[PDB]
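A quick write-up on the structure given underneath.
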Amino acid sequence: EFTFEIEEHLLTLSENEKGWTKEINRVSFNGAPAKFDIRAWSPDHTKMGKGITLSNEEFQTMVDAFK
């Protein structure tokens with residue numbers, strides 16, 4: 001019903017006592033070209049938590065606004 005693949009790891013923002021991390025990655029969902037993805041991950045990255053996927057245009061819009 002759904003697949004994911006971390007194609008590139010870009011940045012970790014924090015890690016908690018359980019080893020879960022908040023990361024910015026390029027992630028391919030359902031085989032689509034990889035997109036920016038800001039999300040919590042288990043230590044071995046086989047479980048994911050809540051997060052948001054952003055197009056390149058959305059991510060650029062965000063960075064340019066807050067730089």
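In the structure tokens, the first chain shown is A, the next is B, and so on; residue numbers restart at 1 for each chain, and ligands run from 1 in the order shown.
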
Practice task
Could you give me the residues within chain A that DSSP places in helix (DSSP H, G or I), as an NGL selection string?
Solution key: :A and (56-66)

Take the selection from the previous step and output its residues with N, CA and C atoms, as a short mmCIF file (atom, residue, chain, number, x, y, z; two decimals), in the first residue's frame.
```
data_model
loop_
_atom_site.label_atom_id
_atom_site.label_comp_id
_atom_site.auth_asym_id
_atom_site.auth_seq_id
_atom_site.Cartn_x
_atom_site.Cartn_y
_atom_site.Cartn_z
N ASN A 56 10.79 20.65 -3.64
CA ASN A 56 11.96 21.52 -3.67
C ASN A 56 11.54 22.98 -3.58
N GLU A 57 10.46 23.34 -4.29
CA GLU A 57 9.97 24.72 -4.30
C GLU A 57 9.49 25.15 -2.92
N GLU A 58 8.79 24.27 -2.21
CA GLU A 58 8.33 24.58 -0.85
C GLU A 58 9.51 24.73 0.10
N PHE A 59 10.46 23.81 0.04
CA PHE A 59 11.62 23.88 0.92
C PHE A 59 12.43 25.14 0.66
N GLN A 60 12.63 25.49 -0.61
CA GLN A 60 13.35 26.72 -0.94
C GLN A 60 12.59 27.94 -0.46
N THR A 61 11.27 27.94 -0.62
CA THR A 61 10.45 29.05 -0.13
C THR A 61 10.64 29.24 1.37
N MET A 62 10.67 28.14 2.12
CA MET A 62 10.88 28.21 3.56
C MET A 62 12.25 28.78 3.91
N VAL A 63 13.31 28.24 3.30
CA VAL A 63 14.66 28.67 3.67
C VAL A 63 14.85 30.15 3.35
N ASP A 64 14.44 30.57 2.15
CA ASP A 64 14.60 31.96 1.75
C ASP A 64 13.84 32.92 2.65
N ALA A 65 12.74 32.45 3.24
CA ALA A 65 11.93 33.33 4.09
C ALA A 65 12.55 33.55 5.46
N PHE A 66 13.30 32.58 5.97
CA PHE A 66 13.80 32.63 7.34
C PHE A 66 15.30 32.87 7.43
#
```

Handout entry: Residue contacts of region 22-39 of chain A (9 Å, only C-alpha atoms) excluding same-chain residues fewer than 2 positions away, as a count of residues only
Key = 28

Practice task
Identify, with DSSP run on backbone atoms, the residues in chain A assigned to strand (DSSP E), and express the list as an MDAnalysis selection string.
Solution key: chainID A and resid 4:15 21:29 35:41 48:54
